[PDB]
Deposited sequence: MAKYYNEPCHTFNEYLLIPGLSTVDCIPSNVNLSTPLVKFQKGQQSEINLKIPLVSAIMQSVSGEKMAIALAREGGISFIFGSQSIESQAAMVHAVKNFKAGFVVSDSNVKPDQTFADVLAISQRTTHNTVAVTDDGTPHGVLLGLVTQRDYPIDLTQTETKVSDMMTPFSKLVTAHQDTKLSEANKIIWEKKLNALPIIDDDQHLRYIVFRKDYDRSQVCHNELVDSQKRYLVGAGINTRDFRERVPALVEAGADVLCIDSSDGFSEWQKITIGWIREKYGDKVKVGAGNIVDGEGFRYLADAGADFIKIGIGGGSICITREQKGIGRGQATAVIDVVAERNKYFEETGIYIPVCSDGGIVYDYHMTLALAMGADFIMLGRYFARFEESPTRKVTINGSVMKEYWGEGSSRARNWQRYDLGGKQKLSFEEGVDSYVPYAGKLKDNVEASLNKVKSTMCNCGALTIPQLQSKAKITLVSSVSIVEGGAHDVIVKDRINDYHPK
């Protein structure tokens, strides 16, 4: 077997060390634009998010309401594919024809929307999603290091060339990244085991600390870019617990972030808002739960947070403020200048409130 020199680490084990903050860096001047799909050296991506957040490919997260609400703020949603082809295409169509500052739209001013696909019924599902107006697709899987994803991407390329964009994943190391890169993926998703509703141990025991996974994949992605001139955006998927984890993921090299729990708490998520003992909650279940995969996972509740807009603004304002502490006005600048330290196992306590009531 193959072993590694260091153990893997998660986002909670890292902190950012400030860099020189100049007079021109104030939160309002920070640009959070980021590429969504691959491009060549010297070019710009054909699709750029206005904010680095995308909603998870989950029944309890990315419905039509979510897709519209997020696109309005500059991000994009990936309508879940764990439903009939007709039902998914209907949601995509509804988002693209909803209009019949930071909004993410196409040349026709329609909100952009993505859709998840599987390695099984893609020959029928992909055409339907394309006709419905899907702007980008993404193969939804816990282990993207599979010949099945290569086959799926291959079929798409042979039928649509590079006109149809498709992300692939998930992978957690350089080898997995390279395999999907060579396969033709437009963006690669990183993360196995980090999800809030994913209990690795009680399952297959496959995974890797999210921080280590991102750092490793990003190194391989940068090596790949230098070798081929092709820049492939990567997505840190899962493991975001606190707002600063967003800043860390981006600083470590991720172009954008995929979140489930974070968005499930909003009014726009497709789940039911239920009031339990005085506390308004929202349902949240993983795609691996029996409650979903049958149309491996856990079913739960998340505290109601209200409308997406206000929460995203608050989260990103903190990200922007932190970026200025690090001397960065853009994500690429943050990825270049960030100083990231690991924190001791025997600590973390000093970081939070201590010795006070």
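Residues of the deposited sequence lacking C-alpha coordinates, numbered from 1, fall in the stretches 1, 102-221, 417-430, 493-503.
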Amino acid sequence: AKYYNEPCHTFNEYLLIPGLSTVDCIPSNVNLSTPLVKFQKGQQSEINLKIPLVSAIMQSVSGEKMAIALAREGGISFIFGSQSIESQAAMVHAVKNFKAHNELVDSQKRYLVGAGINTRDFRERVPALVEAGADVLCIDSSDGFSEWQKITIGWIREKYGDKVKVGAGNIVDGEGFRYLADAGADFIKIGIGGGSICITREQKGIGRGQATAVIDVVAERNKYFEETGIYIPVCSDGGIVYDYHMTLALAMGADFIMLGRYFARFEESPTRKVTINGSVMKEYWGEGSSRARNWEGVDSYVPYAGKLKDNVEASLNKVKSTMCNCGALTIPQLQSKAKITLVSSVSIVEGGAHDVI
From here on, numbers count along this sequence of modelled residues.
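For clarity, a rigid core is taken as the largest C-alpha set superposing within 1.5 Å between two forms.
Taken in 6 other deposited structures of this protein and fitted on the core, 340-348 and 19-27 differ in how far their Cα atoms move from the shown form, and the one that moves more is 340-348. Missing-residue comparison: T200 falls in the unmodelled set for a third or more of the other PDB entries checked. Across the two stretches, 41-49 and 285-293, the PDB entry reports the greater mean Cα temperature factor for 285-293. Relative to its counterpart among 301-309 and 321-329, 301-309 has the higher mean temperature factor, C-alpha atoms as listed in the PDB entry. Ranking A314, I26, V61, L36 by Cα temperature factor from the entry places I26 first.
For the set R208, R272, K223, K189, the PDB entry puts the maximum C-alpha B factor at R272. When the modelled residues of the chain are ordered by their C-alpha B factor, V346 lands in the highest third. In this PDB entry, the Cα temperature factor of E86 sits in the top third of its chain's modelled residues, the highest group. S236: CA B factor in the lowest third of modelled residues in this chain (values from the PDB entry).
Among the modelled residues of its chain, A264 has a C-alpha B-factor that falls in the middle third according to the deposited record. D255: CA B factor in the lowest third of modelled residues in this chain (values from the PDB entry).
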